[PDB]
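Undergrad: Could you have a look at this structure, given as structure tokens, before my questions?
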Amino acid sequence: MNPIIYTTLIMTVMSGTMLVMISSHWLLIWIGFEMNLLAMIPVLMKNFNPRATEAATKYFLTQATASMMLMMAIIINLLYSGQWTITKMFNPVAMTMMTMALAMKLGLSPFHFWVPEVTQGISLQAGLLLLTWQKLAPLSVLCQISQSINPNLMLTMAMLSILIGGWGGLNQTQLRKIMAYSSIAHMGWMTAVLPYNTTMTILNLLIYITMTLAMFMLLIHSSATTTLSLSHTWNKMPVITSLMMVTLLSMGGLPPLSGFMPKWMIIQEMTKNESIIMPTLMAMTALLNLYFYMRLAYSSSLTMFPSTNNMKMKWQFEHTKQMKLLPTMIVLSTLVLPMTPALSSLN
Amino acid sequence: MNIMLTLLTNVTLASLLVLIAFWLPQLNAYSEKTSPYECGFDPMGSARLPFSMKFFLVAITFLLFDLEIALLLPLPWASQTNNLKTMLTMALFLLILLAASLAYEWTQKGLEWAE
Amino acid sequence: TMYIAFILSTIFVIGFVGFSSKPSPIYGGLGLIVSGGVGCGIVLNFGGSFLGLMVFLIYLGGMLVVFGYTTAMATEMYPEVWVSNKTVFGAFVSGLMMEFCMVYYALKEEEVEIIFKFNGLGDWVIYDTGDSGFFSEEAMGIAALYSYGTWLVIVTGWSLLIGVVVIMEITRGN
Amino acid sequence: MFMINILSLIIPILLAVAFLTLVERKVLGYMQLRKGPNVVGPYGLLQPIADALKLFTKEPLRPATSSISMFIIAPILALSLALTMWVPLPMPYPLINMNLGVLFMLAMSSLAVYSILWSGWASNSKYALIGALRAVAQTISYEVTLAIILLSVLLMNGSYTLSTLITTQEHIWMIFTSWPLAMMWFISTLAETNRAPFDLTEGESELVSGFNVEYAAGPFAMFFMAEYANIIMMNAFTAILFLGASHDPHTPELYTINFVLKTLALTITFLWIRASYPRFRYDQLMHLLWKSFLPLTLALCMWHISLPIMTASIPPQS
Amino acid sequence: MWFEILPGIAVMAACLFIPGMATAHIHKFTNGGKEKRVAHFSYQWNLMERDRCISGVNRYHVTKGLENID
Amino acid sequence: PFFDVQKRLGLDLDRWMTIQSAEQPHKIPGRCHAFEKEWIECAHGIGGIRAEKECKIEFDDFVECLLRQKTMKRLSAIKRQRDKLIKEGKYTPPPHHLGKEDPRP
Amino acid sequence: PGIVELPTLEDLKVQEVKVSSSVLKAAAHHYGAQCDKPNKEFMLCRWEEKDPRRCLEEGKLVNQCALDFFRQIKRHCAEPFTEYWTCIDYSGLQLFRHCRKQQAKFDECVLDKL
Amino acid sequence: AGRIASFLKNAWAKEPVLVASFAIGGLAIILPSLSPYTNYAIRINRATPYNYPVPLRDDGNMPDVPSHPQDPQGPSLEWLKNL
Amino acid sequence: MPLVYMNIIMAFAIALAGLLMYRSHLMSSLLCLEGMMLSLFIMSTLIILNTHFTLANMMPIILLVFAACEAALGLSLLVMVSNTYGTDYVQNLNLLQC
Ligand SMILES: CCCCCCCCCCCCCCCCCC(=O)OC[C@H](COP(=O)([O-])OCC[N+](C)(C)C)OC(=O)CCCCCCCCCCCCCCCCC
Ligand SMILES: CCCCCCCCCCCCCCCCC[C@@H](O)O[C@H](CO[C@H](O)CCCCCCCCCCCCCCC)COP(=O)(O)OCC[N+](C)(C)C
Ligand SMILES: CCCCCCCC/C=C\CCCCCCCC(=O)O[C@H](COC(=O)CCCCCCC/C=C/CCCCCCCC)COP(=O)(O)OCCN
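Chains as they are written, first to last, in UniProt numbering: chain A, 1 to 347; chain B, 1 to 115; chain C, 2 to 175; chain D, 1 to 318; chain E, 1 to 70; chain F, 2 to 106; chain G, 79 to 192; chain H, 87 to 169; chain I, 1 to 98.
Here it is in structure tokens:
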């Protein structure tokens, strides 16, 4: 793919998301979704192979179905109110259709399978862009229509997301599938807090984006797509493994790392509204995510796996390409707990 | 109503012609008469096997250009508006983007049939 | 009344039942063409001649490409028709029975589905008494795509151009 | 009386189709230095009647491998749409007066495409399938170009009503106004009606009769009737759209005579072209429209959008 | 010779004359010897309906005038 | 989530199409222009919660104009009662409803 | 939510204008020039009151002005006007373009007599 | 200018269709901004009365609004009559 | 609501159920996906024409435009899958697992 074509497709993806986030009209929001998907498919298929083709096919099928359901919800809402502005929806059936469509777009359970499948299919850069940006847009739509969200449906899907992410990540060995299930669990947390405080939803989104960017860029730097491939990194660049270990500890929610702040604020906010069973279950279920983060950390940094003989040549050579903002992402994803009251600025 | 009556008349006349064609003449059918035609010899394969489409990309470009012409069709009514300058700018913008699509495909060799 | 709109809606649903039972893409395209023509008729009765003709023309053009693709990519030795397969016939009959049940219930009483409430009365009843004069409101509203709706034209044109670029990039291969 | 008018529109069209068959035979013969049919009747006037009787008394067969349902439907659809295309034509009064009379004809033509596709696929033979795919490609190219050309020409008119076309062409001719679009439209109608040099779906030299290779007796006659009705209808549409005739409301027969004469002239031009030129290849036809007509078509569309505005000559909406 | 083609073209022209002349004659016959009213808009249709109502015979083409107002 | 670039920059990208009481071409009025105008004017500047609590009457009238549910209920009730009455011969339609009158011009 | 109030059939009765669309279209510019005042009053009433029940008197005045206009036409220019609207009536679209002679005769008749 | 002349000579000898297409498109884009009749076309579209001209209630301080259609006040289409 | 809207919504639901229940071919799923947008077009134009929302009449055209953009995307993906595997069967898209 030509660099100019790639950069214009990335610009088109970003333009679709920005159209979604600035539009006050349901038709324009749908147009933004369509533009994002249309420009996102070739980005997935950039490195041509059957796995990438299959991942793009599954992604297209899922997103097209979600867009059809979303447009049906928009039309039904127009039928009963004659309003196009994106506000509280005036029909419960239309609202349920919209909620299920946006959940399918986000990958919330039970609409999650495509997330690990596509992430395994596509490359590391494609997976990074997918997770980050394609979580970014539908969450903005949900925040706009939050006041009419059915709390029962939203919390059911969020709790299912957390459970499914924990269990899948427990079983997996591929790094991209592990990242996909981590994304599912974090989306579950965000949408769980969504009906109460969109500010807390945005805070969780930002912290998750920072941690995911740091982790994916470390994987790109070390060129590791499996556990054993990551087990050789201590013999070439041991600093990358240490940074990955602290980032993994942060993603598990261990204090005083940055990943504790979203969980803490969400639990506080949910308890303010007399929710106790849901926060306790959500907090306890994150131990599965922490377990598979810790299992990944044992192989990479805390223990020394056997290496090979050509690692000597790899020692002799030096990394050429420089990752942009990797130190900033690594610092922001581990050492911003003392800066917690900035969520009022985020408000 | 009138258009429905016209369509019914045309369809009924065609169906009557088919019925007369299939029932008036003497019929004598056997296996050799109704076998498929391949210039006198039995076909090797089947006519339902995949038939490669060397112009598959031009078909998709045709879909997109069909959308473009659908957008352009309401131009005669849009020329009666008071915002003639905005109407002209938008019509020319759409036509220039269609021309740009054609030029991009032509230079990137999307109009060349597969070999 | 003459129930023309209701009859055409029923034929619309039947065509959808066909191509959703999915015998084979040839007959799916046939059913989709029938449904498009009947929908053109429905919206013509409701008032929109330009919209009906446009949707009919667009789907006639689109199903032409689908025929060429199913002749090439999506064909088998014995293509399936509705009576050829047990699953296809079962789905077709299930859809027909559900449509007939809904039609009968709506005609016999004001049928309120589990989702929405429907009243069995005149499509002619729901229409409006008022009239325009010496212009077509639908034609004017569609023609307002250029004076009004400059933003929609921009995003639509960008989407079409990017679609050309994308379909060229996807099929590149190598 | 409406049924009477429908019959008066249908039966003369079929008669004109049969005698167009005869006329094409004789014109091709005299251009090839022959006489053509002159034995069956006085100047061979009973030749179409003999052909029709022979075809409909001959045995029609369904191939063993064919899909009988779509094998039968295709000629029915072809003839039905061929007869239907005539209902909005003003001569000088249309049978059915439509506010959007041009888009109706476009949609019905695009539907008339599928008759040959379904007949070819249903026949279940390789020559039929090859002809069907040639039809697919041809319709792609001519359809896009036809849409844009018609858009520009009607943009010079103001609306989509053929009576308004007559009113527009009261004084001069759209051929004098916009002859380049007229040339490209004539070529596009040749491609649309599958006439030479674009007779690729039924190309006898490469395929043995093409898509209707398995059709015999009556069902073949229906395809022939549909094709010739399309030829005459497209020539009549061209005559109305570009060669406007003077209309007298109190004596409308003069418009009918002028319209018929211009339609016959264009049909004879079709036969003349068939006698004069070789046959295209279908890839060369696709590259002809997209690479030659489509750029000029877009440029002329821009020109005909701008010209009424810059000259303050925008037609009335109604 | 080339004029042996003319009878066939003459028959084809005679066949093509029938539809238009027949339509014109039927339009004048069913509309009281006048042109069939063209109602492309709601205003024209409302005018036709008013003509039907004021005619007193349920035919829009039966036109009434000063002798009918007084 | 929602970045109001349109309001910040004074642009108009889809607000012209959001509602059916806005400027329409040739000043064509909507079916429920009056009801929509009344509801919008009632609910302007008080927020969603107060708009739903206090402008409920205006919204109910707007929805009635849009969907015509109570009107169709009344019409169906009258039709059923009239059919029952003419079934037993207890009602005789007038000639002006039977088509034996001269309507107004 | 209340009872709809409708005027009785007794006060909805008025002398109708029993001419056809062609007759009305023939004497349309003169009608718009002559009975402008009652028509403009009625249109202002309709567009301000937004209620058919509140401008019935203006409608009756409009009918009275129309009848006065047509009686004036009848007493002076019955024949030129009959020829003019007979020419208009023939056309399917009721075109002003095809009757430029009878229109001239009618305008000459009303410019002198009235 | 020599390079441009050579390029146009080569294009006119190899792709006259494309040369003509681009020339016509360029004329279509540029000419309307220079023609003096664009404003006339706008005014003609404005002068068409699709809807009814609802009258204004006279407050006694509207000297520019005619009391009758034939009064000298109001828009004039004398320019359109002789055009 | 009239029965016409009920029929259109039922047709949309039938098309949605058709897409979610694959049989063998990916092309049939694309046909079901195109039918859903046809039903959406019909429903939206019926709603808009009935309420005389004049400016909304341009919405169904944009709906059609992005409909055929999706159809183009699906056809491109289908040709790539067919080139890889020989058939458009959905069973061959199984390399990636959950
Ligand atoms: C399905 C369409 C229905 C509407 C039709 C509308 C009119 C159609 C007009 C076109 C006609 C086309 C054919 C033209 C004539 C030439 C062919 C011909 O003669 O065909 C006739 C066919 C001819 O049979 P054939 O199959 O031997 O045809 C060969 C014909 N020749 C020799 C000329 C080539 O007749 C029959 O099939 C029936 C003959 C008598 C046997 C009757 C059996 C009982 C069923 C029918 C009678 C009614 C029973 C009622 C009670 C039922 C319950 C118990
Ligand atoms: C320049 C900014 C770059 C960064 C942002 C890029 C975002 C994408 C590019 C967007 C550019 C256009 C944005 C502005 C849209 C203007 C819409 C409207 O407000 O202006 C129109 C004015 O239009 C002007 O004529 C020019 C329109 C734009 C001309 C083409 C610009 C194409 C640039 C975009 C290329 C495609 C890329 C898009 C995706 C990146 C309306 O004028 P008006 O007359 O009152 O309309 C009459 C309405 N009435 C009837 C109610 C009165
Ligand atoms: C921006 C204003 C114009 C707006 C759009 C214009 C209308 C639509 C025209 C654009 C449609 C697509 C254009 C495609 C152009 C590139 C296509 C291409 O690749 O052409 C090449 C390159 O050939 C060329 O020479 C490039 C075309 C150069 C034309 C540009 C000339 C610029 C015109 C300036 C106007 C001068 C005025 C002179 C007036 C003369 C009389 C009209 C040749 O094609 P082949 O691949 O060789 O054919 C297949 C062989 N196997």
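Ideal Cβ positions, reconstructed from N, Cα and C, are used throughout, including at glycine.
What does C:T71 pair with, by DSSP beta-bridge criteria?
TA: DSSP, once it has assigned bridges, lists no residue as partnering C:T71.
Undergrad: Determine, using beta carbons only, whether I:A67 and I:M37 come nearer to each other than 8 angstroms.
TA: Contact: yes.
Undergrad: Which word fits H:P149, buried or exposed, when buried means at least 16 other C-beta atoms lie within 10 angstroms of its C-beta?
TA: Classification of H:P149: exposed, given that the 10 Å Cβ count is below 16.
Undergrad: Could you say which of A:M157, A:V13, A:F48, A:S23 lies nearest to F:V6 if we only look at CA atoms?
TA: F:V6 has its Cα closest to that of A:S23, out of A:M157, A:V13, A:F48, A:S23.
Undergrad: Using beta carbons (cut-off 8 angstroms, strictly below), is E:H61 in contact with chain D?
TA: So no, E:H61 is outside the interface.
Undergrad: So that I know if they touch, is there some Cβ in chain B lying closer than 8 angstroms to that of I:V90?
TA: Output row for I:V90: interface = no.
Undergrad: Give me every residue whose Cβ sits closer than 7 angstroms to any heavy atom of ligand 1, in chain order.
TA: Ordered along the chain, the selected set is B:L16, B:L19, B:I20, B:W23, B:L24, B:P25, B:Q26, B:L27.
Undergrad: Relative to the C-alpha of B:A70, which residue among C:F117, C:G158, C:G174 is closest?
TA: That would be C:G158, whose Cα lies nearest to the Cα of B:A70.
Undergrad: Below 7 angstroms CB to CB, which residues in the same chain sit around D:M156 once its five sequence neighbours on both sides are set aside?
TA: Here the set comprises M174, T177, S178, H304.
Undergrad: Buried or exposed for residue 380 of chain D, please, with buried defined as at least 16 other CB atoms from any protein chain shown within 10 angstroms of its CB.
TA: Given a span of 1 to 318 for chain D in the structure shown, any question on residue 380 of chain D remains unanswerable.
Undergrad: Let me see if you follow: with CB-CB separation under 8 angstroms, is A:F305 close to chain I or not?
TA: Chain I, which has no Cβ nearer than 8 angstroms to the Cβ of A:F305, makes this no.
Undergrad: Using a beta-carbon distance below 8 angstroms, is I:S39 in contact with chain B?
TA: No, because no Cβ of chain B sits closer than 8 angstroms to the Cβ of I:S39.
Undergrad: Whole angstroms are fine: how far does the CA of D:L28 sit from the CA of D:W272?
TA: The alpha-carbon atoms of D:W272 and D:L28 are separated by roughly 8 angstroms.
Undergrad: How would you list, in chain order, the residues of chain C whose beta-carbon sits under 7 angstroms from the beta-carbon of B:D66?
TA: Under the 7 angstroms cutoff, chain C gives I59, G62.
Undergrad: Using a threshold of 8 angstroms, state whether the C-beta atoms of A:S250 and A:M284 are closer than that.
TA: Taking 8 angstroms as the Cβ cut-off, A:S250 and A:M284 do not qualify as a contacting pair.
Undergrad: Would you say B:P74 and D:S159 are within 8 angstroms of each other, going by their C-beta atoms?
TA: No; because the gap between Cβ atoms is not below 8 angstroms, this pair is not in contact.
Undergrad: On the CB-based measure, 16 or more other CB atoms within 10 Å of its CB, does D:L241 come out buried or exposed?
TA: Label assigned to D:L241: buried.
Undergrad: Whose Cβ in chain H lies nearer than 9 angstroms to the Cβ of residue 21 of chain G?
TA: Coverage of chain G is limited to positions 79 through 192, which leaves residue 21 of chain G absent and any answer about it impossible.
Undergrad: So is the beta-carbon of F:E24 under 7 angstroms away from any non-hydrogen atom of ligand 2?
TA: Result yes, Cβ under 7 angstroms from ligand 2.
Undergrad: According to DSSP, is A:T226 part of a helix, a strand, or is it coil?
TA: Here A:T226 sits in coil by DSSP.
Undergrad: Excluding the five sequence neighbours on either side, which residues of its own chain have a C-beta within less than 7 angstroms of the C-beta of A:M69, listed in chain order?
TA: Hits under 7 angstroms: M97, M100, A101.
Undergrad: Counting beta carbon pairs with one atom in the stretch 217-231 of chain A and one in the stretch 166-175 of chain A, are three or more of them shorter than 8 angstroms?
TA: At 8 angstroms Cβ cutoff, the stretches touch.
Undergrad: Below 8 angstroms between beta carbons: does that hold for D:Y228 and D:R134?
TA: Result no, Cβ atoms of D:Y228 and D:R134 do not sit closer than 8 angstroms.
Undergrad: Quick check on B:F22 - is its C-beta less than 8 angstroms from some C-beta in chain C?
TA: Taking Cβ atoms only, chain C never reaches closer than 8 angstroms to B:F22, which makes this a no.
Undergrad: Would you mind telling me which residues of chain G sit closer than 9 angstroms to D:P249, beta carbon to beta carbon, in chain order?
TA: In chain order: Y168, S169, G170, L173, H176.
Undergrad: Any heavy atom of ligand 3 closer than 7 angstroms to the beta-carbon of D:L33?
TA: Outside the cutoff, so no.
Undergrad: Along the alpha helix (DSSP H) that carries F:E24, what are the first and last residues, could you check?
TA: Per DSSP, F:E24 belongs to no alpha helix (DSSP H) and is neither H nor E.
Undergrad: Got a sec, what are the start and stop residues for the alpha helix (DSSP H) A:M282 sits in?
TA: Residues 277-297.
Undergrad: Just checking I:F53 against ligand 2 - is the residue's beta carbon closer than 7 angstroms to any of the ligand's heavy atoms?
TA: No - ligand 2 has no heavy atom lying nearer than 7 angstroms to the Cβ of I:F53.
Undergrad: Whole angstroms are fine: how far does the CA of I:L75 sit from the CA of A:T53?
TA: Going by the C-alpha atoms only, they are around 13 angstroms apart.
Undergrad: Flag this pair as yes or no: are the beta carbons of A:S161 and A:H221 separated by less than 8 angstroms?
TA: No, the pair does not count as a contact, with Cβ atoms beyond the cut-off.
Undergrad: Just list the residues that DSSP pairs C:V113 with in beta bridges.
TA: C:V113 pairs with C:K118.
Undergrad: Between the alpha carbons of A:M294 and A:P256, how many angstroms are there, rounded?
TA: Each residue's Cα considered, the two are about 17 angstroms apart.
Undergrad: Can you have a look at H:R89 and say buried or exposed, based on whether 16 or more other CB atoms are within 10 angstroms of its CB?
TA: Answer is exposed; the Cβ neighbour count stays below 16.
Undergrad: Specify whether the stretch 46-63 of chain I and the stretch 26-45 of chain F touch according to this definition: at least 3 beta carbon pairs, one from each stretch, less than 8 angstroms apart.
TA: Yes, the stretch 46-63 of chain I touches the stretch 26-45 of chain F.
Undergrad: Below 6 angstroms CB to CB, which residues in the same chain sit around G:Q180 once its five sequence neighbours on both sides are set aside?
TA: If we look at G:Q180 and ignore the five residues flanking it on each side, its Cβ neighbours are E161, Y162, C165.
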